[PDB]
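Taking the form deposited in one PDB entry, here's one chain by itself in structure tokens.
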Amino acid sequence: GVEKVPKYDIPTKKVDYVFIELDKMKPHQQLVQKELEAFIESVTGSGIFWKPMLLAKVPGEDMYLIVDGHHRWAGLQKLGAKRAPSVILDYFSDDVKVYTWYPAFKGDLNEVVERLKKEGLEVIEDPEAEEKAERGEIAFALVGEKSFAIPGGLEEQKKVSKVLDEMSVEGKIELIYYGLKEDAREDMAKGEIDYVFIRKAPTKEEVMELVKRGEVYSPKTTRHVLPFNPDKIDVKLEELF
């Protein structure tokens, strides 16, 4: 998929799954086309669904927040499936932490900047962009050899993400999402990427607040962390109808 594999593999736990209906699941963020496509081709080609979704009960509603699994959920719905193997978490437990994913690309800076500006964004050379972004003062810092601030907030984060999605689909860039900006910097030094987009992470209270208002974030805004990753499961795609 589109995400960089973590450098350190956290413990696994055989937590087992429960089937939950896809129509009881509530997204909190947008999709990346290449992530959706890769999931659909993997599950249909292999015939096996091997990673359970992460869910949490929405306060006041007979619905589950999609904690992790937007592309699995959208892809399964598109395929015509009914349900997905899921793990129901306690969202406000201290054993659910949240960080973010940083969009990054291998490709031409000037082409990306041109496309961002055509979308109506400002891209301002600014040596303090990274720390402004970490403080949540701008939508993203675009950082590599050079440093740019992209002013704004949620709407601007969506416009940035849309441009990257389109350029990825067009083949103009390789789009990769990093859990840790230091990993992006390390890969930048190896020539594996050119630029990373830095943003402040959301809080769990902000995520549920946004979900309750019926809004969504730009893709990969939340990176939820548990004390483990669930072990692989072995569920036939046909069992999901």
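Note that residue numbering follows the sequence shown and begins at 1.
* Look over 104-112 and 135-143 in the entry and identify the one with the greater average Cα temperature factor. => Mean B over CA atoms: larger for 104-112.
* Segment of higher mean CA temperature factor, 198-206 or 66-74 -> It is 198-206 that shows the higher mean C-alpha B-factor.
- Query: Among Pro27, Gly179, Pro59, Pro52, which residue carries the highest C-alpha B-factor recorded in the PDB entry?
  - Reply: Reading the PDB entry, the winner on C-alpha B-factor is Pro59.
- Query: For the listed residues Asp165, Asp94, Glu156, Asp126, which one has the largest C-alpha B-factor as given in the deposited model?
  - Reply: When the deposited C-alpha B-factors of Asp165, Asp94, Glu156, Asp126 are compared, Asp94 is largest.
(Q) For the chain shown, is the CA B-factor of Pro219 in the lowest, middle or highest third of its modelled residues? (A) As the PDB entry reports it, the C-alpha B-factor of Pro219 lands in the lowest third of its chain.
Report task. Would you mind ranking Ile10 by its C-alpha B-factor against the rest of the chain and naming the third, lowest, middle or highest? Result -> Within its chain, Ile10 is a middle-third residue by C-alpha B-factor, going by the deposited values.
When the modelled residues of the chain are sorted by Cα temperature factor, does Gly120 land in the lowest, middle or highest third? Middle third.
- Query: For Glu37, does the deposited CA B-factor place it in the lowest, middle or highest third of the chain?
  - Reply: Middle third of the chain for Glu37's C-alpha B-factor.
Can you work out whether the C-alpha temperature factor of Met188 puts it in the lowest, middle or highest third of the chain?
-> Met188: CA B-factor falls in the highest third of its chain.
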